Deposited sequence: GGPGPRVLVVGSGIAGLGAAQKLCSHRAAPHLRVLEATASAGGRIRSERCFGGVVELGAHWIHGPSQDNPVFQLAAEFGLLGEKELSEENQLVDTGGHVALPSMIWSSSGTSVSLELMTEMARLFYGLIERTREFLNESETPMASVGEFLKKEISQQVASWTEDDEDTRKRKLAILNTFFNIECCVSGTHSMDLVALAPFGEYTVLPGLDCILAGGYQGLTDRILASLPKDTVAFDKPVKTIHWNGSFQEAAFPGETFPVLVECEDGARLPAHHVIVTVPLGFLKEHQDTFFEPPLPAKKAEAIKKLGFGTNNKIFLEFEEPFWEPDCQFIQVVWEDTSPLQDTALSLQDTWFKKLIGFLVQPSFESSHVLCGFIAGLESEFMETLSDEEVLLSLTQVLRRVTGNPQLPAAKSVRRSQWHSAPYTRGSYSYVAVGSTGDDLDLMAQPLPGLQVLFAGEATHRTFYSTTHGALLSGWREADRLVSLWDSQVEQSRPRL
């Protein structure tokens, strides 16, 4: 059948290949790195497995295709410290969570608005919190410090440096549908890859440029013509009828000018520029003995009312939201520019800084140092350049639709988490986007007979 090349071997590209390979096209998946999975990345560490990318199945239910596949594949199981060194009360934490998450729910008021009074989620949250503080008759400092951690948690969830960068009106479009895969989330992508024909995926084969809108001859005689040519970094010249591009939005942001020849249509090129693509990283620390599920950290004397969209915390580690005890391993989460700064530090500097933080935060100066560290470095990953998309101030959910828009004749199709308007930044949005592109091609192929059908 037709020649199809899929660029990228994350869940979107594998999902597209799986549907297409199930009048079979001549299909190849070109992966830049040495293994598949992309932002699903599981590593054997500390005598177990650590998730460097995606960790949870969001909304583990019947409608979630990722949950459905994990069940079919047998991958599922049956199922607060202050920087002062003292405990924070659960009641006060609850009261501040009610206030904060109540305001997050109110962002729905801005849905479908062309001209919102404030451009961002962070500005709306700051204004409402400032009005609330004016109602409060040292307790005020503790309240603002706890609210600061909730802003930082919300940054991690959005994968943004600051909630002031997240567009307000589009925020409510995202659909909220949480569990892990004990043996590794990468087990899911490995199983989809295994279902494909032998040698469908080529590893260490990064694509340099996609040439489209042409009539390209194949090397063999007589020289059959194709609309697209994929140029690999290694010099391979691969003709195709269709190319499904699943590369991350961070890669497109850096390379869209050279990756397509001719350049992309203006509206799509602008969608790539306007959308957000932030960094979220994990830091795993291994201890010989546990000193301790989730330890939330509150940084004394901090407040979300001081910060602007691009302000940094006093130190990089003050952006850390807390630690998840791994089911002796702790996993810290950090997002934004402080997380990008973290990636530039040596493994030793991260291990030693966090040991000092943990000794201060638990109020135990004799706490033994972490034995080892493993951290992700998503912003530094040349083929990703960050963690996941968000609808940034200046962009809308319409920009996600523009990311999905195919090029003429379906010569070039786009899939990936940043092409799904309601499930962007998830594994299920990426998988569904791959199935969407496969369905679009199958309909084109099934329509080709109709071109030869006379009316009379």
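Gaps between the deposited sequence and the modelled coordinates occur at 1 to 3, 26 to 27, 85 to 104, 163 to 166, 207 to 209, 325 to 328, 364 to 368, listed in sequence order.
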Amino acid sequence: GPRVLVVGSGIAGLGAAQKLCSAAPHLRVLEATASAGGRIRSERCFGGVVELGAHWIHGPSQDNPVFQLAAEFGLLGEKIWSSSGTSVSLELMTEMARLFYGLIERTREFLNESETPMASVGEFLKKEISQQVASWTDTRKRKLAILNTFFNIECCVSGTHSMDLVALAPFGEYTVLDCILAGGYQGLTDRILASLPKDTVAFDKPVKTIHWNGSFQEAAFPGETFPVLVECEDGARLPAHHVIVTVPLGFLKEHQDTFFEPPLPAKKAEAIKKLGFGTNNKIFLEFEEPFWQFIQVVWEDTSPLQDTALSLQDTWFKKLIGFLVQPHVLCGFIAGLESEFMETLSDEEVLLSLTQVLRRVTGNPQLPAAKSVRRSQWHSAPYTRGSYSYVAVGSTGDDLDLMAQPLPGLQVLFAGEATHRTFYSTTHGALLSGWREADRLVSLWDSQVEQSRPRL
From here on, numbers count along this sequence of modelled residues.
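In every other compared PDB entry of this protein that covers both flanking sides, residue 349 is modelled, so it falls short of the one-third threshold for missing coordinates.
Modelling of residue 332 is complete across the other compared entries in which both of its neighbours are modelled; not even a third of them leave it out. Taking the mean C-alpha B-factor of each stretch as recorded, 299 to 307 and 209 to 217 are not equal, and the higher mean is that of 299 to 307. In this entry, 49 to 57 has the higher mean Cα B-factor, the comparison being between 49 to 57 and 415 to 423.
The top Cα temperature factor in the record, among 33, 42, 62, 387, falls on 62. The residue among 240, 88, 125, 249 whose C-alpha carries the highest B-factor in the deposited model is 88.
Sorting the modelled residues of the chain by their CA temperature factor places residue 20 in the middle third.
Sort the modelled residues of the chain by CA B factor and residue 292 lands in the highest third. Residue 265 sits in the highest third of its chain by CA B factor, as recorded in the PDB entry.
Compared with the other modelled residues of the chain, the Cα B-factor recorded for residue 82 ranks in the highest third. Per the PDB record, residue ranking by Cα B-factor puts residue 203 in the middle third of the chain.
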